[PDB]
Amino acid sequence: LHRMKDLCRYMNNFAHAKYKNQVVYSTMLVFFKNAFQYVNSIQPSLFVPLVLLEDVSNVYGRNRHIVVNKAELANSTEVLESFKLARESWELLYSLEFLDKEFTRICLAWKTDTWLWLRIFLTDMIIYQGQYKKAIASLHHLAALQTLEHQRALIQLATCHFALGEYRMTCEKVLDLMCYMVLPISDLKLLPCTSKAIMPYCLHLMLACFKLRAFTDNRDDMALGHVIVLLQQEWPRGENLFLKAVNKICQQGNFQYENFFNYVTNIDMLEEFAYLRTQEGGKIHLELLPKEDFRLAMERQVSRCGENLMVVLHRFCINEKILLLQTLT
């Protein structure tokens, strides 16, 4: 590819059929070879499927990189190299004008559906590119052509709908995503189509969305509730954000997040809320219920310590689908 780049550099910067034919066809075979390798690595069912995502790890805080662990993908280095080389092949195909035209021709001559392997590989290059609308269209193409590949389509739609500032369509796609994910448990990521890597990513997605929806100097209370509920995930990393939420509630003093004692299964949450209610965290009026009934409800909930966190978080996600109304901001 780079020998051709030097030779094609010379043939492009300035019939000359040989150079253009080489730059198209040699790239054509190498592009299908590398794309076949990539989609034989990720989503291997076309010849656990893997998906090229964008995980926002810092929810408490041509030159793109894929953050894939060596555990879920032990051959991640050369798979990433093959994806990069095929992306460069596609870029060099569409870069030179004659190469662009006759590559479009040769790809149109074969199955323009791009099957599923080539279609997935196009979705992956486009998501890695930084452009998400053609990625979303290619994922719709997948869904038309197509937890197996439904997990693939939904999770890729989620990461292409995040796209730096949508924050709602991602939530809807992800909510429809766990509907297929039933299990009792900061850059682009490549995670499998299983719960272990998709559930934390989806929860971080909702956490970031509701964090940006909540801390906007407004009086939105439901967003604060969603924020606290999702923050239970991965303690004690959410310590500072919970402290900020407590300070905000002390400033306001009108927390009305009914169904509160149905999702908040954390001892520290309840101890802090009781701290706020006695004299010293202020005298903060808390409508956590849909005087005695309040302490009585906290006494029921301290008895529910444990209650493995993903089960209750998934129950919150599926039962309270009305979170899209607060997600509108």
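Preceding this section is the structure that the text describes.
Report follows, based on the coordinates. (Residues numbered from 1 in each chain as written, not as in the entry; some residues may be left out. Part of a larger assembly, values for the part shown. Heavy atoms only, no water. Residues with missing side-chain atoms left out of burial classes, pairs and counts.)

In this section: the overall build of the protein. In terms of helices and strands, the protein carries 15 helices and 5 strands. The dimensions of the protein, computed from C-alpha atoms along their principal axes, are 90 × 35 × 30 Å. (Helix = DSSP H or I, 4+ residues; strand = E, 2+ residues; numbered from the N terminus.)

With that settled, consider unusual backbone geometry. With omega at 5 degrees, the peptide bond leading from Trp 235 into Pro 236 counts as cis. Along the chain, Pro 236 falls in the loop between α10 (221-231) and α11 (239-252). You will see that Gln 43, though not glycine, has its phi angle at about 50 degrees, which is positive. Its place among the elements puts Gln 43 in the loop between α2 (17-41) and β1 (50-54). One non-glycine residue with positive phi stands out, namely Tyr 167, at about 65 degrees. With respect to the helices and strands, the residue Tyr 167 is situated in the loop between α7 (148-162) and α8 (169-178).

For the rest of this paragraph, the subject is the pattern of salt bridges. Note that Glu 91 is salt-bridged to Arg 62, the shortest N-O span being 3.7 Å. Of the two residues, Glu 91 is situated in helix α3 (residues 76-95) and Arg 62 in the loop between β1 and β2 (66-67); the sequence distance between them amounts to 29 residues. Put simply, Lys 84, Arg 87 and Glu 88 are held in one network by salt bridges that share partners. (Salt bridge = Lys/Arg side-chain N within 4 Å of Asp/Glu carboxyl O.)

The subject of this paragraph is the pairing of strand β3 (residues 188-192). For β1 and β3, the ladder comprises 5 bridges, and the chain directions are antiparallel. Within β3, the position partnered with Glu 54 by the bridge is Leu 188. Taken together, the 2 bridges between β2 and β3 define a ladder with parallel strand orientation. Residue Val 67 lies in a different strand from β3, and its bridge partner there is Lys 189. (Pairing = 2+ DSSP bridges.)

In this model, α2 (25 residues) spans 36 Å end to end at C-alpha, consistent with the 36 Å of a helix rising 1.5 Å per residue. Just beyond α2, the residue with positive phi is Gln 43, at close to 50 degrees. (Expected span 1.5 Å × (residues − 1).)

Before going further, it helps to examine the environment of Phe 215. Counting through the fold element by element, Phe 215 comes out in the loop between α9 (195-214) and α10. Separated by 51 residues in the primary sequence, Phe 215 and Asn 266 have C-alpha atoms spaced 22 Å apart. Residue contacts for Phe 215: discarding those within four places in its chain leaves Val 227, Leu 241, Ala 245 and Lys 248. (Contact = heavy atoms within 4.5 Å.)

Taken in spatial order, the 3 strands of this open sheet run β1-β3-β2, and their pairing is mixed. Where the open sheet ends on each side, the last strands, each with one partner, are β1 and β2. Along the sheet face, α9 touches β1 and β3 and points at about 140 degrees away from the line of β3. (Axes fitted to C-alpha atoms, helices over the stretch in contact; angles between N-to-C directions.)

So, about the packing of α8 against α9. Their axes nearest at 10 Å, the elements α8 and α9 cross at an angle of 145 degrees. For the element pair α8 and α9, the recorded crossing hand is left-handed. In contact with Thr 170, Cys 171, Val 174 and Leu 177 of α8, α9 contributes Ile 198, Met 199, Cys 202, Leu 205, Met 206 and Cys 209. Taken together, the residues that form the contact of α8 with α9 break down as 9 nonpolar, 1 polar and no charged. (Left-handed = near helix turned anticlockwise from the far one by under 90°. Nonpolar A, V, L, I, M, F, W, Y, C, P; charged D, E, K, R; others polar.)

Let's shift gears to the packing of α2 against α3. At a closest axis distance of 8 Å, the pairing of α2 and α3 adopts a crossing angle of 145 degrees. In this structure, α2 crosses over α3, and the sense of that crossing is left-handed. For the pair α2 and α3, contact is made by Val 23, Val 24, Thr 27, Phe 31, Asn 34, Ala 35, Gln 37, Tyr 38 and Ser 41 and by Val 79, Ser 82, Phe 83, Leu 85, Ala 86, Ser 89, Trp 90 and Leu 93, respectively. Broken down by class, the residue content of the contact of α2 with α3 amounts to 11 nonpolar, 6 polar and no charged.

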